[PDB]
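Undergrad: Take a look at this one; I'll ask things after.
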Amino acid sequence: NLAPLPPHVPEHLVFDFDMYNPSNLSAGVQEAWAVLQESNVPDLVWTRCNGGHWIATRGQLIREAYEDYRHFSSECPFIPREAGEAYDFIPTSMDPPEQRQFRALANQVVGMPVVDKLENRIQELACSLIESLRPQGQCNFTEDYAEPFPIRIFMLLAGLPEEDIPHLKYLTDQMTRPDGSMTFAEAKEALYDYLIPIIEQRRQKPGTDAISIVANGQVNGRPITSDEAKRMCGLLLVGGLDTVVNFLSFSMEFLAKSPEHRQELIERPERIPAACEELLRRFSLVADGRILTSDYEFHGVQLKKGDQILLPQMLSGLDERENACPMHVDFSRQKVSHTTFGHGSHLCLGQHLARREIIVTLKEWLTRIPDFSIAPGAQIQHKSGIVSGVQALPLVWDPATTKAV
Ligand code: HEM
Ligand SMILES: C1C2CC3CC1CC(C2)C3
């Protein structure tokens with residue numbers, strides 16, 4: 001189900017890629033997408049699926065398209081068009097200089113100094129969840145630690161009910177990983193039927209939570225709108241529940257498989273941070289785009305005002321001209337080049353929380369369960385979307401070999 005090639009597209013620039021169902025998914029999602037970088041693929045190519053759109057395939061274009069906010073605007077950053085358009089999260093769907101102010105607020109809530117505040121609850125929870133799991137010698141990493149871990153921290157952050165979890169999550173999921181049960185605009189609505197009443201309540205009688213600062217936030221001398229609030233808190237929900245959740249499963253499936261990687265981390269912990277960056281470069285997962293405010297010629301391709309362009313942040317680090325032996329994990333690379341936290345004026349704000357949640361889990365799980373592996377006969381399945389994932393990750397271990405701490 002492909003749409004007619006638009007006039008301006010040289011059919012030799014065609015390359016039918018389906019972000020919602022890449023071919024080789026069975027072999028893995030980063031591998032699925034890494035096709036785009038074979039020798040036989042143009043640096044910039046046009047795909048006819050999800051209604052036809054450019055996709056830039058190399059480290060350097062993405063970096064370039066990202067810094068160039070002018071012809072490449074965030075206005076509509078989600079393929080397909082309707083969602084992108086129907087998406088209004090702030091600061092996301094906004095170019096600077098507008099953005100600068102909405103962003104500075106979000107940075108208030110999730111930023112650096114919020115992260116030192118939270119560290120202990122993080123570690124406290126990291127230990128507590130692991131130790132619970134320990135003695136069973138089998139979890140469901142995705143439902144068992146992956147889902148739980150990060151969410152409860154955000155629920156802690158935003159002061160919202162755990163009970164809410166399963167609902168917002170489905171909503172978050174449909175948004176990044178469209179099933180077909182509900183369209184983006186419908187998705188965006190129910191997440192909004194939710195937040196709204198909450199934002200009301202924090203306007204009248206404030207709290208210390210992320211949302212409380214957000215409803216009461218200051219933007220360009222004036223007091224933030226209700227809508228701008230609904231809209232900021234919307235982004236936090238999704239970035240909240242959706243990126244960290246998935247990343248942990250790929251990193252963990254990776255460890256379940258490479259006992260020399262567990263070993264290395266375990267004996268030379270001065271390496272968790274480097275290890276941390278290398279894993280983000282490799283188990284990268286986001287893929288949104290931009291929009292052409294006008295006609296423009298990018299690396300000789302005539303870009304026509306209105307066209308969408310995917311700029312997968314996945315691809316930047318999996319690119320040979322950037323990372324020798326891209327698909328191979330090496331905690332001692334000299335230079336880890338990636339753009340998992342995006343790039344440009346829209347650099348990811350929760351990079352600190354995300355990183356901090358990732359080191360905690362590596363340091364803590366290796367401490368208690370140094371040795372685990374994939375459940376005999378289980379086939380892991382990934383999912384591609386605006387943010388990619390793992391269907392479930394059954395693990396198994398020998399209690400006898402763990403350690404409480
Ligand atoms: C697994 C770790 C994470 C990854 C890979 C990730 C990925 C991304 C990427 C690629 C962007 C750039 C958007 C663009 O340029 O279109 C972004 C921005 C953003 N993310 Fe993260 N994210 C992660 C964790 C989080 C967390 C924990 C939060 C906080 C709940 C969060 C909230 C945000 C926000 C608010 C922005 C927008 C900043 C702006 O538009 O100036 N993300 N994220
Ligand atoms: C908005 C932006 C694109 C996708 C979905 C959501 C969180 C993060 C940044 C990845």
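Every chain in the structure tokens has a letter given in the order shown (A, B, ...), and although residue numbers restart at 1 in each chain, ligands are simply numbered from 1 in the order shown.
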Residues within 9 Å of residue 141 of chain A, please, as a list in words. Count only C-alpha atoms; anything in the same chain fewer than 6 positions from it doesn't count.
TA: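 Near neighbours after the sequence-gap exclusion: residues 147, 248, 249, 252, 253, 392, 393, 394 and 395 of chain A.
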Undergrad: Can you pull out every residue with an atom within 10 Å of ligand 2? Use only C-alpha atoms and all ligand atoms and format it as a PyMOL selection string.
TA: chain A and resi 77-78+84+87-93+172-173+175-177+234-243+285-289+313+340-342+346-350+385-388
Undergrad: Calculated over only C-alpha atoms, which of the candidates A:228, A:11, A:43, A:18 has the smallest distance to residue 315 of chain A?
TA: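 Going through A:228, A:11, A:43, A:18 one by one, the smallest distance to residue 315 of chain A is for A:43.
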Undergrad: Would you please give, as number ranges by chain, all residues of segment 24-142 of chain A that DSSP assigns to strand (DSSP E or B) based on the backbone?
TA: A: 44-47, 49, 53-56, 72-73, 140
Undergrad: Next, dump the selected residues to file, keeping only C-alpha atoms, as a PDB file, in the first residue's frame.
TA:
ATOM      1  CA  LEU A  44      18.931  10.424   0.619  1.00  0.00           C
ATOM      2  CA  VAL A  45      16.058   8.287  -0.661  1.00  0.00           C
ATOM      3  CA  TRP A  46      12.283   8.532  -0.920  1.00  0.00           C
ATOM      4  CA  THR A  47       9.874   5.872   0.346  1.00  0.00           C
ATOM      5  CA  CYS A  49       4.924   3.868   2.258  1.00  0.00           C
ATOM      6  CA  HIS A  53       8.391  10.746   2.449  1.00  0.00           C
ATOM      7  CA  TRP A  54      12.132  11.386   2.321  1.00  0.00           C
ATOM      8  CA  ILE A  55      14.350   9.526   4.834  1.00  0.00           C
ATOM      9  CA  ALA A  56      17.943  10.762   5.196  1.00  0.00           C
ATOM     10  CA  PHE A  72      13.551  21.747   8.273  1.00  0.00           C
ATOM     11  CA  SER A  73      10.968  22.769  10.893  1.00  0.00           C
ATOM     12  CA  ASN A 140       9.805 -11.043  32.146  1.00  0.00           C
TER      13      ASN A 140
END
Undergrad: Just checking: using only C-alpha atoms and all ligand atoms, which residue out of A:271, A:167, A:203, A:338 ends up closest to ligand 1?
TA: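 For ligand 1, the nearest of the candidates is A:338.
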Undergrad: Nearest to ligand 1 among A:266, A:165, A:94, A:366, with distances taken over only C-alpha atoms and all ligand atoms: which residue is it?
TA: A:94
Undergrad: Just give me the gap between atom CA of residue 290 of chain A and atom 19 (C, counted along the ligand's line) of ligand 1 in Å, one decimal is fine.
TA: 14.5 Å
Undergrad: Hey, which of A:163, A:357, A:267, A:319 ends up closest to ligand 1? Count only C-alpha atoms and all ligand atoms.
TA: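 Nearest to ligand 1: A:357.
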Undergrad: Work out how far atom CA of residue 79 of chain A is from atom CA of residue 21 of chain A, in Å to one decimal.
TA: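 Pair atom CA of residue 21 of chain A / atom CA of residue 79 of chain A returns 13.5 Å.
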Undergrad: Give me the residues near residue 23 of chain A as a VMD selection string, where near means some atom within 12 Å (using only C-alpha atoms) and where sequence neighbours in that chain fewer than 2 positions away do not count.
TA: chain A and resid 16 to 21 25 to 36 382 to 384
Undergrad: Have a look at A:265, A:133, A:114, A:195 and name the one nearest to residue 211 of chain A; count only C-alpha atoms.
TA: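 Of the candidates, the smallest distance to residue 211 of chain A is held by A:195.
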Undergrad: Could you check which of A:325, A:272, A:337, A:303 is closest to residue 359 of chain A, using only C-alpha atoms?
TA: A:272
Undergrad: Among segment 214-346 of chain A, which ones does DSSP assign to helix (DSSP H, G or I) (computed from the backbone)? Answer as a PyMOL selection string.
TA: chain A and resi 214-215+226-257+259-267+269-282
Undergrad: Go ahead and compute the interatomic distance for atom CA of residue 106 of chain A and atom 35 (C, counted along the ligand's line) of ligand 1, in Å to one decimal.
TA: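 Separation of atom CA of residue 106 of chain A and atom 35 (C, counted along the ligand's line) of ligand 1: 6.2 Å.
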Undergrad: Near residue 296 of chain A, counting only C-alpha atoms, which residues have an atom at most 8 Å away, once you skip same-chain residues fewer than 3 positions from it, shown as a PyMOL selection string?
TA: chain A and resi 71+292+302-305
